[PDB]
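In what follows, a structure is listed as structure tokens, so that the remarks can point back to it.
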Amino acid sequence: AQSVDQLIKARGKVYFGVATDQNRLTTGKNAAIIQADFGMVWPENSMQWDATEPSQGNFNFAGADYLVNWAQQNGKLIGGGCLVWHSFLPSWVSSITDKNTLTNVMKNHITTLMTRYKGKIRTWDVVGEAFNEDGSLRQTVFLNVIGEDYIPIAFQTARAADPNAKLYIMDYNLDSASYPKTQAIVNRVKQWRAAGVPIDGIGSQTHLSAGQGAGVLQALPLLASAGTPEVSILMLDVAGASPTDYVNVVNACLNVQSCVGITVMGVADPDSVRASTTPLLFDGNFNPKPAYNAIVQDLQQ
């Protein structure tokens, strides 16, 4: 019955957060659990590109406004994103072949979203899933048409739009220190920051299989060695939801001074994209699972 957000704040961290949206906040017991136990909300889908700019320059903020207003009324921090991500791109973006055209489209998308919520958003995921598994840059429309400079341009544009916000790059499969993607994002972020690119954090999109929590104890310090002000755990879920895996991720966060917090992918198992693996902290009756209680106990001691 204890609040993991309150307990992680008592241990000197900023938040324990969760992804949600209007559809969740009006069903189940999601709103009550988020009120009680989590200190930051992120939009599952309502700030992705296809949701917010389904036709060029025709923006739709209905869902994102709902979340932001709910968070403000309930005193929660807000994360937003992802601004530049190949996975949620409407077709009209993918079909652009001209460098100037796509650069202006990308800057306009970033600036429009960030200005609407200026000062209200703690963290923005600016660029997501930009690396291949071998550590090369993923050949998305942005890389193919703009080139490698698209990442610096995105971050420079974001910093100008809202200087209050923390600006993150985010990726998955950064859960092992020796994995090529982990090495590459650390090296590239070092280089970008040394050239003045305003990358404030690395967000690790942590989707674990059973037993993989132990590797995060080594991987997260390595991510923090890139020298960003902050790192975080983002969209966490764990197949099987073993307490051992979840406690290991929490302990990695506690061990890394620049790790500001942890965000889980959702509230309750039945609403997971991989529900058969029951990977979240609340079950289908909205009761806390053993892993939730284990995190509470770890943070209390």
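Labeling convention for the structure tokens: chains A, B, ... as they appear, residues from 1 per chain, ligands from 1 in order of appearance.
Residues within 7 Å of stretch 157-169 of chain A, counting only C-alpha atoms and excluding same-chain residues fewer than 3 positions away, are residues 107, 110, 111, 114, 115, 118, 119, 121, 122, 123, 124, 125, 126, 127, 128, 153, 154, 198, 199, 200, 201, 202 and 203 of chain A.
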Export of the given selection (N, CA and C atoms) as an mmCIF file, in the first residue's frame:
```cif
data_model
loop_
_atom_site.group_PDB
_atom_site.id
_atom_site.type_symbol
_atom_site.label_atom_id
_atom_site.label_comp_id
_atom_site.auth_asym_id
_atom_site.auth_seq_id
_atom_site.Cartn_x
_atom_site.Cartn_y
_atom_site.Cartn_z
ATOM 1 N N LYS A 107 11.817 20.534 -37.744
ATOM 2 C CA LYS A 107 11.910 21.649 -36.811
ATOM 3 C C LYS A 107 10.527 22.161 -36.432
ATOM 4 N N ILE A 110 8.851 19.722 -33.909
ATOM 5 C CA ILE A 110 9.457 19.874 -32.586
ATOM 6 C C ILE A 110 8.994 21.164 -31.920
ATOM 7 N N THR A 111 9.142 22.291 -32.623
ATOM 8 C CA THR A 111 8.860 23.591 -32.021
ATOM 9 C C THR A 111 7.385 23.736 -31.656
ATOM 10 N N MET A 114 6.572 21.560 -28.486
ATOM 11 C CA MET A 114 7.239 22.040 -27.283
ATOM 12 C C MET A 114 6.750 23.418 -26.869
ATOM 13 N N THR A 115 6.415 24.285 -27.822
ATOM 14 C CA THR A 115 5.919 25.603 -27.441
ATOM 15 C C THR A 115 4.537 25.519 -26.801
ATOM 16 N N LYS A 118 5.173 24.703 -23.211
ATOM 17 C CA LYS A 118 6.380 25.314 -22.676
ATOM 18 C C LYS A 118 6.273 25.538 -21.175
ATOM 19 N N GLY A 119 7.295 25.068 -20.458
ATOM 20 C CA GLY A 119 7.388 25.225 -19.028
ATOM 21 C C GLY A 119 6.639 24.197 -18.219
ATOM 22 N N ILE A 121 6.572 20.734 -19.026
ATOM 23 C CA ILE A 121 7.118 19.416 -19.322
ATOM 24 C C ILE A 121 8.500 19.323 -18.685
ATOM 25 N N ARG A 122 8.701 18.321 -17.822
ATOM 26 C CA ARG A 122 10.016 18.162 -17.214
ATOM 27 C C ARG A 122 11.034 17.636 -18.216
ATOM 28 N N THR A 123 10.667 16.580 -18.937
ATOM 29 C CA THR A 123 11.568 15.836 -19.801
ATOM 30 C C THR A 123 10.908 15.635 -21.152
ATOM 31 N N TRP A 124 11.647 15.902 -22.222
ATOM 32 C CA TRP A 124 11.223 15.541 -23.565
ATOM 33 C C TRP A 124 12.169 14.492 -24.134
ATOM 34 N N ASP A 125 11.603 13.400 -24.641
ATOM 35 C CA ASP A 125 12.337 12.490 -25.516
ATOM 36 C C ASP A 125 12.367 13.125 -26.899
ATOM 37 N N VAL A 126 13.538 13.616 -27.300
ATOM 38 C CA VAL A 126 13.656 14.350 -28.554
ATOM 39 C C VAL A 126 13.868 13.398 -29.725
ATOM 40 N N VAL A 127 14.813 12.467 -29.594
ATOM 41 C CA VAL A 127 15.110 11.483 -30.628
ATOM 42 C C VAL A 127 15.031 10.099 -30.006
ATOM 43 N N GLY A 128 14.357 9.184 -30.683
ATOM 44 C CA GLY A 128 14.243 7.815 -30.208
ATOM 45 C C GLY A 128 14.683 6.792 -31.233
ATOM 46 N N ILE A 153 20.560 18.873 -35.031
ATOM 47 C CA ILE A 153 19.552 19.875 -35.376
ATOM 48 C C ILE A 153 18.320 19.709 -34.491
ATOM 49 N N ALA A 154 17.902 18.466 -34.246
ATOM 50 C CA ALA A 154 16.725 18.241 -33.411
ATOM 51 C C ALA A 154 16.937 18.783 -32.000
ATOM 52 N N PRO A 198 23.004 20.018 -27.125
ATOM 53 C CA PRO A 198 22.392 20.003 -25.779
ATOM 54 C C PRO A 198 21.618 18.726 -25.474
ATOM 55 N N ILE A 199 22.341 17.635 -25.241
ATOM 56 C CA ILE A 199 21.726 16.379 -24.826
ATOM 57 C C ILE A 199 21.835 16.300 -23.310
ATOM 58 N N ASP A 200 20.696 16.395 -22.625
ATOM 59 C CA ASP A 200 20.709 16.393 -21.170
ATOM 60 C C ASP A 200 20.620 14.997 -20.574
ATOM 61 N N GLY A 201 20.077 14.023 -21.296
ATOM 62 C CA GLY A 201 19.948 12.695 -20.728
ATOM 63 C C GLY A 201 19.921 11.597 -21.766
ATOM 64 N N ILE A 202 20.217 10.388 -21.294
ATOM 65 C CA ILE A 202 19.977 9.155 -22.031
ATOM 66 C C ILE A 202 18.873 8.415 -21.289
ATOM 67 N N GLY A 203 17.804 8.068 -22.003
ATOM 68 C CA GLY A 203 16.728 7.273 -21.457
ATOM 69 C C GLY A 203 16.797 5.869 -21.998
#
```
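Going from atom CA of residue A:188 to atom CA of residue A:85 covers 17.8 Å.
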Can you list, as a PyMOL selection string, all residues belonging to stretch 83-164 of chain A that DSSP tags as alpha helix (DSSP H)? chain A and resi 91-94+99-116+141-145+150-161
Those same residues, written as an mmCIF file, in the first residue's frame with N, CA and C atoms?
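The result, written out as again_34.cif:
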```cif
data_model
loop_
_atom_site.group_PDB
_atom_site.id
_atom_site.type_symbol
_atom_site.label_atom_id
_atom_site.label_comp_id
_atom_site.auth_asym_id
_atom_site.auth_seq_id
_atom_site.Cartn_x
_atom_site.Cartn_y
_atom_site.Cartn_z
ATOM 1 N N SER A 91 2.538 8.671 -43.127
ATOM 2 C CA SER A 91 3.102 8.411 -44.448
ATOM 3 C C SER A 91 3.593 9.679 -45.131
ATOM 4 N N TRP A 92 2.962 10.819 -44.850
ATOM 5 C CA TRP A 92 3.330 12.051 -45.535
ATOM 6 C C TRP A 92 4.749 12.478 -45.195
ATOM 7 N N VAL A 93 5.267 12.055 -44.041
ATOM 8 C CA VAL A 93 6.640 12.370 -43.672
ATOM 9 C C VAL A 93 7.610 11.457 -44.404
ATOM 10 N N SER A 94 7.321 10.152 -44.399
ATOM 11 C CA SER A 94 8.245 9.178 -44.963
ATOM 12 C C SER A 94 8.485 9.414 -46.445
ATOM 13 N N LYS A 99 15.984 17.547 -48.694
ATOM 14 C CA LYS A 99 16.629 17.818 -47.412
ATOM 15 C C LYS A 99 16.058 19.063 -46.743
ATOM 16 N N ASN A 100 15.961 20.171 -47.482
ATOM 17 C CA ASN A 100 15.420 21.383 -46.877
ATOM 18 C C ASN A 100 13.995 21.153 -46.402
ATOM 19 N N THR A 101 13.187 20.480 -47.222
ATOM 20 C CA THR A 101 11.792 20.266 -46.867
ATOM 21 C C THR A 101 11.683 19.496 -45.560
ATOM 22 N N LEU A 102 12.430 18.402 -45.443
ATOM 23 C CA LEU A 102 12.288 17.563 -44.263
ATOM 24 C C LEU A 102 12.887 18.229 -43.032
ATOM 25 N N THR A 103 13.981 18.977 -43.194
ATOM 26 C CA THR A 103 14.538 19.709 -42.062
ATOM 27 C C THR A 103 13.520 20.695 -41.497
ATOM 28 N N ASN A 104 12.840 21.443 -42.371
ATOM 29 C CA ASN A 104 11.854 22.411 -41.897
ATOM 30 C C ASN A 104 10.641 21.717 -41.288
ATOM 31 N N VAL A 105 10.236 20.576 -41.853
ATOM 32 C CA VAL A 105 9.131 19.807 -41.281
ATOM 33 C C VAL A 105 9.483 19.340 -39.872
ATOM 34 N N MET A 106 10.694 18.806 -39.698
ATOM 35 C CA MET A 106 11.109 18.290 -38.399
ATOM 36 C C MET A 106 11.205 19.410 -37.372
ATOM 37 N N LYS A 107 11.817 20.534 -37.744
ATOM 38 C CA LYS A 107 11.910 21.649 -36.811
ATOM 39 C C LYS A 107 10.527 22.161 -36.432
ATOM 40 N N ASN A 108 9.615 22.253 -37.404
ATOM 41 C CA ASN A 108 8.273 22.741 -37.106
ATOM 42 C C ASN A 108 7.532 21.789 -36.177
ATOM 43 N N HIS A 109 7.690 20.483 -36.386
ATOM 44 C CA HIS A 109 7.020 19.525 -35.514
ATOM 45 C C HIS A 109 7.525 19.649 -34.080
ATOM 46 N N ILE A 110 8.851 19.722 -33.909
ATOM 47 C CA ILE A 110 9.457 19.874 -32.586
ATOM 48 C C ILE A 110 8.994 21.164 -31.920
ATOM 49 N N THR A 111 9.142 22.291 -32.623
ATOM 50 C CA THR A 111 8.860 23.591 -32.021
ATOM 51 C C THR A 111 7.385 23.736 -31.656
ATOM 52 N N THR A 112 6.486 23.230 -32.505
ATOM 53 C CA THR A 112 5.055 23.379 -32.253
ATOM 54 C C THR A 112 4.619 22.620 -31.005
ATOM 55 N N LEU A 113 5.048 21.361 -30.871
ATOM 56 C CA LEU A 113 4.688 20.586 -29.688
ATOM 57 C C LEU A 113 5.287 21.204 -28.432
ATOM 58 N N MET A 114 6.572 21.560 -28.486
ATOM 59 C CA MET A 114 7.239 22.040 -27.283
ATOM 60 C C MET A 114 6.750 23.418 -26.869
ATOM 61 N N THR A 115 6.415 24.285 -27.822
ATOM 62 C CA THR A 115 5.919 25.603 -27.441
ATOM 63 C C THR A 115 4.537 25.519 -26.801
ATOM 64 N N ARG A 116 3.688 24.592 -27.254
ATOM 65 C CA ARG A 116 2.343 24.512 -26.694
ATOM 66 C C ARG A 116 2.385 24.242 -25.198
ATOM 67 N N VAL A 141 14.120 7.741 -42.496
ATOM 68 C CA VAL A 141 13.976 8.814 -43.474
ATOM 69 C C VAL A 141 14.836 10.012 -43.081
ATOM 70 N N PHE A 142 14.940 10.298 -41.778
ATOM 71 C CA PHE A 142 15.711 11.459 -41.344
ATOM 72 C C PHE A 142 17.192 11.284 -41.637
ATOM 73 N N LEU A 143 17.739 10.103 -41.355
ATOM 74 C CA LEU A 143 19.144 9.885 -41.667
ATOM 75 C C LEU A 143 19.368 9.877 -43.173
ATOM 76 N N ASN A 144 18.454 9.258 -43.923
ATOM 77 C CA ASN A 144 18.654 9.117 -45.360
ATOM 78 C C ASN A 144 18.579 10.457 -46.087
ATOM 79 N N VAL A 145 17.739 11.378 -45.627
ATOM 80 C CA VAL A 145 17.468 12.612 -46.356
ATOM 81 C C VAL A 145 18.232 13.794 -45.775
ATOM 82 N N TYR A 150 20.897 15.422 -38.445
ATOM 83 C CA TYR A 150 19.510 15.567 -38.012
ATOM 84 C C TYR A 150 19.398 15.507 -36.496
ATOM 85 N N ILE A 151 20.315 14.811 -35.836
ATOM 86 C CA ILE A 151 20.252 14.636 -34.386
ATOM 87 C C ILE A 151 20.681 15.938 -33.722
ATOM 88 N N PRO A 152 21.865 16.482 -34.020
ATOM 89 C CA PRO A 152 22.178 17.829 -33.512
ATOM 90 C C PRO A 152 21.096 18.856 -33.810
ATOM 91 N N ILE A 153 20.560 18.873 -35.031
ATOM 92 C CA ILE A 153 19.552 19.875 -35.376
ATOM 93 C C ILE A 153 18.320 19.709 -34.491
ATOM 94 N N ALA A 154 17.902 18.466 -34.246
ATOM 95 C CA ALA A 154 16.725 18.241 -33.411
ATOM 96 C C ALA A 154 16.937 18.783 -32.000
ATOM 97 N N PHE A 155 18.102 18.508 -31.411
ATOM 98 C CA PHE A 155 18.352 18.939 -30.038
ATOM 99 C C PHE A 155 18.528 20.450 -29.944
ATOM 100 N N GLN A 156 19.233 21.053 -30.905
ATOM 101 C CA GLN A 156 19.367 22.506 -30.914
ATOM 102 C C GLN A 156 18.006 23.181 -31.045
ATOM 103 N N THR A 157 17.138 22.639 -31.900
ATOM 104 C CA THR A 157 15.801 23.199 -32.067
ATOM 105 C C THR A 157 14.993 23.073 -30.787
ATOM 106 N N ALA A 158 15.078 21.916 -30.131
ATOM 107 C CA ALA A 158 14.324 21.698 -28.904
ATOM 108 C C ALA A 158 14.771 22.649 -27.800
ATOM 109 N N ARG A 159 16.084 22.842 -27.646
ATOM 110 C CA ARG A 159 16.582 23.725 -26.596
ATOM 111 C C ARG A 159 16.061 25.144 -26.777
ATOM 112 N N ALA A 160 15.978 25.605 -28.024
ATOM 113 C CA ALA A 160 15.466 26.945 -28.274
ATOM 114 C C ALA A 160 13.975 27.049 -27.980
ATOM 115 N N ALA A 161 13.228 25.960 -28.169
ATOM 116 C CA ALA A 161 11.777 26.016 -28.023
ATOM 117 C C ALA A 161 11.360 26.060 -26.558
#
```
DSSP-assigned strand (DSSP E) members of stretch 118-256 of chain A, reported as number ranges by chain: A: 123-128, 166-172, 201-208, 230-238
Using only C-alpha atoms, which protein or nucleic acid residues come within 7 Å of stretch 268-283 of chain A? Drop anything in the same chain fewer than 2 positions from it, and give the result as a compact mmCIF listing (two decimals) with C-alpha atoms, in the first residue's frame.
```txt
# COMPACT_ATOMS: atom_id res chain seq x y z
CA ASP A 237 8.59 -4.03 -18.11
CA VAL A 238 9.96 -7.48 -17.29
CA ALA A 239 8.66 -10.77 -18.66
CA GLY A 240 7.48 -12.82 -15.67
CA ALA A 241 7.76 -9.78 -13.36
CA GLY A 266 1.92 0.79 -17.74
CA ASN A 285 -7.44 -7.15 -10.35
CA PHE A 286 -5.26 -4.03 -9.88
CA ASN A 287 -3.59 -5.59 -6.84
CA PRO A 288 0.13 -4.96 -6.32
CA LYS A 289 2.20 -7.95 -7.35
CA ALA A 291 7.50 -7.34 -7.40
CA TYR A 292 5.77 -4.12 -6.33
```
Please report as a Markdown table every residue of stretch 182-217 of chain A lying within 8 Å of stretch 129-137 of chain A, along with the nearest atom pair and their distance in Å (one decimal), using only C-alpha atoms.
```
| residue | atom | partner | partner_atom | distance |
| --- | --- | --- | --- | --- |
| A:182 | CA | A:135 | CA | 7.6 |
| A:183 | CA | A:135 | CA | 7.4 |
| A:184 | CA | A:135 | CA | 5.0 |
| A:185 | CA | A:135 | CA | 7.3 |
```
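Summary of the local environment: counting only C-alpha atoms, residues at most 9 Å from residue A:90, other than itself and those fewer than 2 positions away along its chain, are residues 49, 50, 51, 53, 54, 55, 88, 92, 93 and 94 of chain A.
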Using N, CA and C atoms, can you write the selected residues to a file as a CSV table (one decimal), in the first residue's frame?
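As a result, out-v5.csv now contains:
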```csv
chain,number,residue,atom,x,y,z
A,49,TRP,N,4.1,11.3,-33.3
A,49,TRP,CA,3.9,12.1,-34.5
A,49,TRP,C,2.6,11.8,-35.2
A,50,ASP,N,2.2,10.6,-35.3
A,50,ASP,CA,1.0,10.2,-36.1
A,50,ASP,C,-0.2,10.7,-35.3
A,51,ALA,N,-0.2,10.8,-34.0
A,51,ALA,CA,-1.3,11.3,-33.2
A,51,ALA,C,-1.4,12.8,-33.3
A,53,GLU,N,0.3,15.2,-35.5
A,53,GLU,CA,0.4,15.8,-36.8
A,53,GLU,C,0.0,14.8,-37.9
A,54,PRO,N,-1.2,14.3,-37.9
A,54,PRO,CA,-1.6,13.3,-38.9
A,54,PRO,C,-1.6,13.8,-40.4
A,55,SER,N,-1.8,15.1,-40.6
A,55,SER,CA,-1.5,15.7,-41.9
A,55,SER,C,-0.6,16.9,-41.6
A,88,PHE,N,6.4,5.9,-35.4
A,88,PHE,CA,5.1,6.5,-35.4
A,88,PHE,C,4.9,7.6,-36.4
A,92,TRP,N,3.0,10.8,-44.8
A,92,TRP,CA,3.3,12.1,-45.5
A,92,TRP,C,4.7,12.5,-45.2
A,93,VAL,N,5.3,12.1,-44.0
A,93,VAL,CA,6.6,12.4,-43.7
A,93,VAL,C,7.6,11.5,-44.4
A,94,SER,N,7.3,10.2,-44.4
A,94,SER,CA,8.2,9.2,-45.0
A,94,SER,C,8.5,9.4,-46.4
```
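Closest approach to residue A:25 among A:245, A:148, A:5, A:44: A:44, based on only C-alpha atoms.
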